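# Secondary and tertiary structure notes
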Amino acid sequence: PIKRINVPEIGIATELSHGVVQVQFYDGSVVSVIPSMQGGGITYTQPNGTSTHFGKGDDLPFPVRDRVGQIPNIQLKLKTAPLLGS
């Protein structure tokens, strides 16, 4: 964990060392992506705990699309947080 910020109504966003941005939504769902990587893929965990990986060519169902769409705004917010430990 390099950075972490709570974003009201949305969730808790964490930037990880490996370049992964993870958002734990307040409904219990989770999405994780690699924004710097053109071939990265997406991991999505349902509230119920079922998790699925989607490779860059894979069709994304609505719930995945919609959560991955939260990421750019979340990256802007992560930029404004200091580093963990600072």
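Scroll up to find the structure this text is about.
Residues numbered from 1 in each chain as written, not as in the entry; some residues may be left out. Heavy atoms only, no water.

## As for the overall build of the protein
A tally of regular secondary structure across the protein gives two helices and six strands. Beginning at the N terminus, the succession of helices and strands in the protein can be written as β-β-β-β-β-β-α-α. Relative to its length of 86 residues, the protein is compact, with a C-alpha radius of gyration of 13 Å against a globular reference of 12 Å. Along the three orthogonal principal directions, the C-alpha set of the protein runs to about 40 × 30 × 20 Å. For the protein, the share of sequence-separated contacts (at least 6 apart) that also reach a separation of at least 24 residues comes to 28%. Carbon and sulfur atoms provide 54% of the accessible area of the protein, an area that totals close to 5200 Å². Between the averaged position of the 7 positive side-chain charges in the protein and that of its 6 negative side-chain charges there is a distance of 8 Å. (Helix = DSSP H or I, 4+ residues; strand = E, 2+ residues; numbered from the N terminus. Rg over C-alpha atoms; globule rule 2.2 N^0.38 Å. Contact = heavy atoms within 4.5 Å. Areas by Shrake-Rupley, 256 points an atom, 1.4 Å probe, with all protein chains shown as cover. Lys, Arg positive; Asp, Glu negative; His and termini not counted. Charge placed at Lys NZ, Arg CZ, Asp CG, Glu CD.)

## Regarding the sheet that holds strand β6 (residues 51-54)
The strand order across the open sheet built from six strands is β1-β2-β3-β4-β5-β6, with neighbouring strands paired in antiparallel fashion. In this open sheet, the two strands that pair with only one neighbour each are β1 (3-7) and β6. Between one strand axis and the next, the sheet turns through 15° on average, direction left out of account. Sheet topology places strand β5 (residues 42-45) next to β6; four bridges connect them, and they run antiparallel. Among the inter-strand pairings, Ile42 is bridged to a residue of β6, identified as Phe54. (Pairing = 2+ DSSP bridges. Axes fitted to C-alpha atoms, helices over the stretch in contact; angles between N-to-C directions.)

## Side note on the nonpolar core
With 16 residues, the main nonpolar core has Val23 and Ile74 as its most contacted residues. When residues of this core are traced back to their parent elements, those giving at least two are β1, β3 (21-25), β4 (30-33), β5 and α2 (71-80). In contact with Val23, other than residues within four places in its own chain, are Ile12, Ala13, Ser29, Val30, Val31, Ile71 and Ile74. (Core = buried A, V, L, I, M, F, W, Y, C linked by side-chain atoms within 4.5 Å. Buried < 20%, exposed > 50% of the residue type's maximum accessible area, 1.4 Å probe, protein only.)

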